[PDB]
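Presented as structure tokens, the chain that follows is alone, the form deposited in one PDB entry.
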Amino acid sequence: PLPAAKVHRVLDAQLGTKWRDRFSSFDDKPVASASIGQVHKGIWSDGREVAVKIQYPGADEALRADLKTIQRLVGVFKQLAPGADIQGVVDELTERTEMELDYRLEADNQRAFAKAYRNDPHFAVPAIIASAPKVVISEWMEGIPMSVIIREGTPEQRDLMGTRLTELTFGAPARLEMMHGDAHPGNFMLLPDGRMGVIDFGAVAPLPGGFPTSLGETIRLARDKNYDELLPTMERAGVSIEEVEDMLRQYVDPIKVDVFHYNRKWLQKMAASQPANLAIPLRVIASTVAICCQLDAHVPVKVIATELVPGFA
């Protein structure tokens, strides 16, 4: 944990030496760790409870040193695997590090989601109050952490958090041509009015034009065992009949029933065996399935997909 003197020195550099005057209250004992910082709770001068996310001063050096080590270690392998896009992975980690070290980018992403979900009946996104490279101040989100609901939730709380996460994942692309790109339970909470609180916009996925109708079509045709129209749809949108059925199961099986019971045993079943356009999106969809499985959530996936997934209806 970054000690109080150092926390204050970051805020001095980022917000000015009179930063403490912008608050009514600021608690020096952080309430949570972040990837490369820690989160404090305070109260803004206007009485709003706030989250203050503060980057560790040594984070940039530590992440950069690690990128240089990865670059040296992979250079070794490029002479063995000259086909492997190893330089592309290191370039991607470099770009993701630059993004994470500038909390203005997460704050911009959060403002876009806050506007898209303004007055949403199902989703609460905290307003950004202040943003700087190493400090983000947003509205405190009060609710039960998804991690608590996974461990000790009522069935109703579990089902609601899976249903909300499903609606966020399927719906965000039609609403603002992006996905929330990190389905980890630390990013979510259950508000007492039934909304799901959504935080951490460091990792959004752009999806301009939204999901391609080909995604919904592909699940609709696979459910319908319409293999004559499916394989041609699946080749065009980028083969045993068993193998397709197998790779589509975690997507098809839940929309064959009005209400699917996601669970860890079923996940481990669908697993076990024997195009960057959508690549990240399909990863976030699988991440949402996995979280629904840890929640043990009963989810009406069929109606949500019918309403929000192009070509499924």
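The first residue of the shown sequence is 1; numbering continues from there. Superpose the two forms; the largest set of C-alphas matching within 1.5 Å is the rigid core.
This protein has a second form, the form deposited in another entry, left out of what is shown; the following refers to that one.
J.: Pick from 102, 91, 229, 120: whose Cα moves by 2 Å or more between the shown form and the other one, rigid core superposed?
T.: Per the superposition, the moving residue is 91.
J.: Aligning on the rigid core, do we see the C-alpha of residue 36 shift 2 angstroms or more between the shown form and the other one?
T.: Yes; that C-alpha moves by at least 2 Å between the shown form and the other one.
J.: Once you line up the core, how about residue 74: does its CA shift reach 2 Å between the shown form and the other one?
T.: Yes, the C-alpha position differs by at least 2 Å between the shown form and the other one.
J.: Is there a C-alpha shift of 2 Å or more at residue 7 between the shown form and the other one once the rigid core is superposed?
T.: Yes, because once the rigid core is superposed, the C-alpha of residue 7 moves 2 Å or more between the shown form and the other one.
J.: Specify closer or farther for residue 186 and residue 94: how their Cα atoms are spaced in the other entry versus the shown form, given a shift of 3 angstroms or more.
T.: Closer in the other entry, by 3 Å or more.
J.: Out of closer and farther, which fits the Cα atoms of residue 33 and residue 196 in the other entry compared with this form, where the change is 3 Å or more?
T.: Those two alpha carbons end up farther apart in the other entry.
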